[PDB]
Amino acid sequence: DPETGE
Amino acid sequence: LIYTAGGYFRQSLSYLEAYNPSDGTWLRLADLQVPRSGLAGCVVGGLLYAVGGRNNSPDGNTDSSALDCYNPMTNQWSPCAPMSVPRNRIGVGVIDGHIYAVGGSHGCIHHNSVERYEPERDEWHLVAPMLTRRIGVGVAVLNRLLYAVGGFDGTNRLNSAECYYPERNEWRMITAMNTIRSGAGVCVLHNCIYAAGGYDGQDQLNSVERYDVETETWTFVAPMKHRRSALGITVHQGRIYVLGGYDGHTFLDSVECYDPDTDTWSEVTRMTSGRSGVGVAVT
């Protein structure tokens, strides 16, 4: 996902 | 020192490390007792607490209800009572020795719920929910009021902020940030609420803005040299430290330091390894 890389 | 707990780098982590901004070197301390990313950290009575998050591993992806306490002169974690629900990408703040757990997600569910932890009683209590469902929400405490800032409601990323009044046990929308921010670093420096970086649904941000309660105004300040979301943030002796995060391509180990007097950022250290979604506090 773009936000956490997770 | 600045303690960083948990994080993510191909899997959730158990790391607890401490950085000394004077000497510049990193301590490696006791590992968390469940790998977590998307957690929050705070300090109450000198104790360091790890709240919520999830264990994203090769074998699972379990959202966390855990609250765990690290004692800095026992170098040992001990579990505390769990929360009513799991909260991945939670926000926390400290008022009057009490921990407030705000928002977060459990699977598909984006919480508006909020609960309060009582350290000397080890009990959680459900309190008034937010007006808004928020994960990746930044939380800050100013004048013993609790602010929930930005985040993501499941559909939209948010620039709104709302304020919780503990003696009314009530919420109130306030002025919205100039920037939509989810996964920002939210803290209180000098006497403003700072919001640093984050993700607006398109790009990780390097911009930074601060809220002045008396004028109900957000103003932009010195931007960081590196865009990042899901970063850790804390203030140490009057300067803002932002820690790791994700910029859409790599997991940052860069740690930046904002000087409020010069309105300038400068890179002071690299963490031991790049990671995002940590819990940070100072004790």
Side-chain angles (χ1 to χ4, degrees), chain A residues 3, chain B residues 40 42 91-96 100 102-103 112 114 128-153 156-213 215 217-242 245 256-266 280:
Chain A
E3 188 166 317
Chain B
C42 56
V92 310
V94 169
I95 319 169
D96 296 315
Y100 285 80
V102 178
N112 52 31
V114 181
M130 293 181 294
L131 319 175
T132 305
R133 297 176 180 286
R134 304 176 188 268
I135 84 168
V137 50
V139 173
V141 184
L142 178 73
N143 304 113
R144 309 317 107 213
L145 307 173
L146 186 91
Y147 291 84
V149 182
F152 177 54
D153 67 17
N156 304 101
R157 269 150 189 113
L158 315 165
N159 58 8
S160 68
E162 41 185 302
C163 181
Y164 179 69
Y165 291 73
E167 330 291 13
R168 299 260 292 149
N169 185 16
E170 182 76 330
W171 290 90
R172 296 231 295 121
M173 210 50 88
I174 62 161
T175 310
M177 290 184 292
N178 298 304
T179 310
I180 289 178
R181 312 180 183 265
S182 185
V186 171
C187 70
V188 170
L189 173 74
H190 283 194
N191 262 275
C192 306
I193 301 175
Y194 281 71
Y199 184 66
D200 62 1
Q202 287 258 281
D203 304 286
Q204 286 74 25
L205 315 160
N206 55 28
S207 70
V208 181
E209 54 190 302
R210 73 182 180 180
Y211 186 67
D212 177 68
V213 161
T215 56
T217 295
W218 294 92
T219 302
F220 283 108
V221 299
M224 309 171 303
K225 275 265 148 300
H226 297 288
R227 318 164 165 264
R228 54 185 90 208
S229 59
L231 59 147
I233 192 165
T234 205
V235 171
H236 167 109
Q237 318 185 302
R239 258 197 276 281
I240 294 185
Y241 293 71
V242 301
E256 284 188 71
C257 184
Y258 168 76
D259 194 335
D261 295 347
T262 42
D263 187 54
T264 67
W265 291 87
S266 90
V280 174

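By convention in this document, chain letters (A, B, ...) are assigned in the order of the sequence lines, proteins followed by strands, and residues within each chain are numbered from 1.
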Next on the checklist: Would you say CZ of B/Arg144 has more than 12 non-hydrogen atoms from neighbouring residues, nucleotides or ligands within 6.0 angstrom?
Outcome noted: yes
Next on the checklist: Measuring from atom OG of B/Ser229 to atom CZ of B/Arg157, what distance do you get when rounded to the nearest 0.5 angstrom?
Outcome noted: 8.5 Å
Checklist outcome for this item: Nearest heavy-atom approach of B/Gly183 to A/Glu3 is N-OE2, 3.2 Å
Checklist entry - If every non-hydrogen atom of B/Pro260 is compared with every non-hydrogen atom of B/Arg239, which pair is closest and at what distance? => result CD-CG, 3.6 Å
Next on the checklist: Rounded at 0.5 Å granularity, tell me how far OG1 in B/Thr264 sits from NZ in B/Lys225.
Outcome noted: 9.5 Å
Item to check | Check: B/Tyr100 and B/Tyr164 side chains under 4.5 Å, non-hydrogen atoms | outcome: yes
Checklist entry - How far apart are the closest heavy atoms of B/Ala140 and B/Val188, and which atoms are they? => result CB-CG2, 3.5 Å
Checklist entry - Is the shortest heavy-atom distance from the side chain of B/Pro129 to the side chain of B/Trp171 under 4.5 Å? => result no
Next on the checklist: Would B/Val186 and B/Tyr147 count as a side chain to side chain contact (heavy atoms under 4.5 Å, CB included) here? Give the steps.
Outcome noted: CA-CA 10 Å; B/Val186 171; B/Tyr147 291 84; over 6 Å; no
Checklist entry - Where do B/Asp263 and B/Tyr258 land on the side chain to side chain contact (heavy atoms under 4.5 Å, CB included) test, with the steps shown first? => result CA-CA 7 Å; B/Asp263 187 54; B/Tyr258 168 76; 2.9 Å; yes
Next on the checklist: Between B/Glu209 and B/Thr179, is there a side-chain heavy-atom distance shorter than 4.5 Å?
Outcome noted: yes
Next on the checklist: If you compare all heavy atoms of B/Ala184 against all heavy atoms of B/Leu231, which two are closest, and at what distance to 0.1 Å?
Outcome noted: C-CD2, 4.0 Å
Checklist outcome for this item: Smallest heavy-atom separation, B/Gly103 atom then B/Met130 atom, equals CA-CE, 3.9 Å
Checklist entry - Do the side chains of B/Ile240 and B/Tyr194 get nearer than 4.5 Å, heavy atoms only? => result yes
Checklist entry - Is any side-chain heavy atom of B/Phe220 closer than 4.5 Å to a side-chain heavy atom of B/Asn178? => result yes
Checklist entry - Are B/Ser266 and B/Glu256 linked by a side-chain donor-acceptor pair shorter than 3.5 Å? => result no
Next on the checklist: In terms of relative ring orientation, are B/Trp218 and B/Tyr211 parallel, tilted or perpendicular, with 30° and 60° separating the classes?
Outcome noted: tilted
Checklist entry - Taking C-beta and beyond as the side chain, do B/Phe152 and B/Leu158 meet within less than 4.5 Å on heavy atoms? => result no
Checklist entry - When you look at B/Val280 and B/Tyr241, which way does the side chain to side chain contact (heavy atoms under 4.5 Å, CB included) test go after all the steps? => result CA-CA 10 Å; B/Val280 174; B/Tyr241 293 71; over 6 Å; no
Next on the checklist: Taking side chain to side chain contact (heavy atoms under 4.5 Å, CB included) as the definition, give me every residue that meets it alongside B/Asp203, ordered by chain and number, with sequence neighbours left out.
Outcome noted: B/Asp200, B/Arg227
Checklist entry - About how many Å separate SG of B/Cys163 and CG of B/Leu131, when rounded to the nearest 0.5 Å? => result 10.5 Å
Checklist entry - Does some side-chain heavy atom of B/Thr217 sit less than 4.5 Å from a side-chain heavy atom of B/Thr175? => result no
Checklist outcome for this item: side-chain hydrogen bond (donor to acceptor under 3.5 Å, both in side chains) filter on B/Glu162, not counting sequence neighbours, yields B/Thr132, B/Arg134
Checklist entry - So how far is it from B/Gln204 CD to B/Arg181 CZ, rounded to the nearest 0.5 Å? => result 12.5 Å
Checklist entry - If you round to the nearest 0.5 Å, how far is CD of B/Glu167 from CG of B/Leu145? => result 9.0 Å
Next on the checklist: I want to check something: taking the side chain as every heavy atom from C-beta on, are B/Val208 and B/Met224 in contact at a cut-off of under 4.5 Å?
Outcome noted: yes
Next on the checklist: Can you list everything that forms a side chain to side chain contact (heavy atoms under 4.5 Å, CB included) with B/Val139? Sequence neighbours excluded, please.
Outcome noted: B/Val102, B/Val137, B/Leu146
Next on the checklist: For the CG atom of B/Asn191 and the CZ atom of B/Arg210, what is their distance to the nearest 0.5 Å?
Outcome noted: 10.5 Å
